[PDB]
């Protein structure tokens, strides 16, 4: 492999360089709301897929395995990105620089306000923990490799260990004690359980909007949805 030979600083810099851009929304009705989000997330998916190939160890996997991991974690990846963008905008969600929404606006779509609150709560957790960008890109890569790893693998677990070592190295650099290192590592990884939860609630809600045909969904998004069913 090529990921395992890397050092902690090389891993971070590689992930930082692989970071997708922050896209803009096309310049609120229930249909207009879902329309903006669908269009935005659709374009985000394309950048995510190319970001995934720049994740150390992901390219080593077979095509079918790469597909499986992305189908499983794509909404988790989108959400943790959203939460990260909205970190210094408390009470608000930064879907795009020209699209900053608060919980009130989430009420324009039925069942969405619950997901919004979960997203806002995650953002407050990142803010309270004072999450670093170097830590963020590690967590996002962990989600990609881990979320669908048990629906299949020693290679993926090897990379996951490397990202764990990478995380710890970042905390040691910040001057955190060993006790503070384990504890914050635990705090970070426990959030992934909630991000998974938000993804599943969001996945069902997307299927809901799909059924009501509130807006027509893209071929790509419908493919990702038909993987969780």
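Numbering follows the first chain given and starts at 1. In this text, rigid core is short for the largest set of C-alphas that superpose within 1.5 Å between two forms.
Asker: May I ask which stretch, 12-20 or 202-210, sits farther from the shown form in 8 other deposited structures of this protein once every structure is superposed on the core, judging by RMS CA distance?
Answerer: When 12-20 and 202-210 are compared in 8 other deposited structures of this protein, the bigger C-alpha shift is seen for 202-210.
Asker: Taking the other compared entries of this protein, do a third or more of them lack coordinates for residue 151?
Answerer: Yes, residue 151 lacks coordinates in at least a third of the other entries compared.
Asker: What number of deposited residues lacks coordinates in the span between residue 152 and residue 153: none, 1 to 3, 4 to 9, or 10 or more?
Answerer: Per the deposited record, the segment joining residue 152 and residue 153 lacks coordinates for 10 or more residues.
Asker: Identify the stretch, either 163-171 or 46-54, whose C-alpha atoms have the larger mean B-factor according to the entry.
Answerer: The stretch with the larger mean CA B-factor is 163-171.
Asker: Looking only at CA atoms, which has the higher mean B factor in the entry: 192-200 or 59-67?
Answerer: Result: 59-67.
Asker: Among 217, 22, 18, 206, single out the one with the highest C-alpha B factor in the record, please.
Answerer: Within the set 217, 22, 18, 206, 217 shows the top C-alpha B-factor.
Asker: Tell me, please, which of 117, 110, 76, 134 has the highest C-alpha B factor according to the deposited entry?
Answerer: Of the candidates given, the C-alpha B-factor peaks at 110.
Asker: Compare the C-alpha B factor of residue 140 with those of the other modelled residues in its chain, then answer lowest, middle or highest third.
Answerer: Answer is lowest: the recorded C-alpha B-factor places it there.
Asker: Quick one: classify residue 41 as lowest, middle or highest third of the chain based on its Cα B-factor.
Answerer: It falls in the bottom third of the chain.
Asker: State the tercile, meaning the lowest, middle or highest third, of residue 146 with respect to the CA B-factors recorded for its chain.
Answerer: For residue 146, whose C-alpha B-factor we compare with every modelled residue in the chain, the answer is the lowest third.
Asker: Would you mind checking where the Cα B-factor of residue 80 ranks among the modelled residues of its chain, as the lowest, middle or highest third?
Answerer: Lowest third.
Asker: By its CA B factor, does residue 176 count among the lowest, middle or highest third of the modelled residues in the chain?
Answerer: According to the entry, residue 176 has a C-alpha B-factor in the chain's highest third.
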